[PDB]
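For this one, two forms of the same chain are given in structure tokens, first as structure 1 and then as structure 2.
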Structure 1
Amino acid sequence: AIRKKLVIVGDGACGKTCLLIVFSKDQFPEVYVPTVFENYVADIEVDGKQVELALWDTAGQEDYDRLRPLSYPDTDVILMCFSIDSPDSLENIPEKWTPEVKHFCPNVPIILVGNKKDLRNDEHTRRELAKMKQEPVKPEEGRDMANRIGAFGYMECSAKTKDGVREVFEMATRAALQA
């Protein structure tokens, strides 16, 4: 049971806290969704290999450029998150998070994850974005960003419906094993 470390990075409303909570609980928080995530060690068996995957969040550190890098030591896989209902959080991926993740974590695989994919069919989300001369992030836009930033892969999920969530963490484990 090899031990590996996962760190999730991204803007404030990219849904990274919800994703970790939903993965670490599995049984959906119907009564109360917590504000913060402390840490978690998941037992994952992917492709017949057993791994202890430590999960960390960078929420609350987005404005503190000297505190934030203390999350990176010994990271084996990076989940680079953006929200599908926020095209601006996607344009901050190559400009802000990638130069920083590659500086502190060279050779560490990066998986680009488009969170909140359920909001593509949300008429209120489409209406709000249309007011700002915008549309929800298209799948090919996510794939094009992941190609341009040199990501190990592009994945989509929905913390609300749990759709795509297990597959993101199983693939992150596989990426962390590669050496």
Structure 2
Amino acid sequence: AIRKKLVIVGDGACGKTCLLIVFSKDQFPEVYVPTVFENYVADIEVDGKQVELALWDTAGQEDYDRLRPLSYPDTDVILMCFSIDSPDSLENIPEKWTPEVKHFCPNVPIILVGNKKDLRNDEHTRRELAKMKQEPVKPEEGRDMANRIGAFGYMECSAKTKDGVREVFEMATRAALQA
């Protein structure tokens, strides 16, 4: 009955849409369609507070850079994501997403979210990354990045397994209720 608006941003393919749908529909979306513009809604109760959360889904592809700012007005909390199986997605956090969000939305609380947590200890994933001299993002690296960009909090989740999904939105709601 309290209304709040959440906007999710982050690199192409890092799991933003699957995270929203898993949360609001409790179903993992099977077919990947890259996002241009969508929006969803879910109710959540937190700390005895009942909140209707508007979920504004945005395009990770830079081809839609012009379009993303239409989603930022009136935002109460931002989920800024990277994928734990993609150290390059983490490095776009200070190089692209934070400067964009600080330009349009400078005083809006950010939850830094590492997605795809299921892949951290997945052997296939580690094996492929190692061929590239890469490793899955470690939780300390995510926490360090959260401090560097001044995020409200830091969470990790897997939409695929549902691990951590409820806690991400609990925290985002607490942040949305702040100020």
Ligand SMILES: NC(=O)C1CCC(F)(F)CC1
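Start at 1 and count along the sequence of structure 1; that gives the residue numbers used here. For clarity, a rigid core is taken as the largest C-alpha set superposing within 1.5 Å between two forms.
Trainee: Please match the form deposited without this ligand to structure 1 or structure 2.
Mentor: Answer 2, the form deposited without this ligand.
Trainee: Take the rigid core as the frame of reference and indicate whether the C-alpha of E62 shifts by 2 Å or more between structures 1 and 2.
Mentor: Where the cores coincide, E62 still shows a C-alpha shift between structures 1 and 2 that is 2 Å or more.
Trainee: Rigid core superposed, CA of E30 - does it shift 2 Å or more between structures 1 and 2?
Mentor: Yes, shifts by 2 Å or more.
Trainee: After fitting the core, how far does the CA of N39 move between structures 1 and 2, in Å?
Mentor: Shift of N39 at C-alpha, rigid core superposed: 2.1 Å.
Trainee: Once the two forms are fitted on their rigid core, how many angstrom does the CA of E52 move between structures 1 and 2?
Mentor: Superposing on the rigid core gives a C-alpha shift of 0.9 Å for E52.
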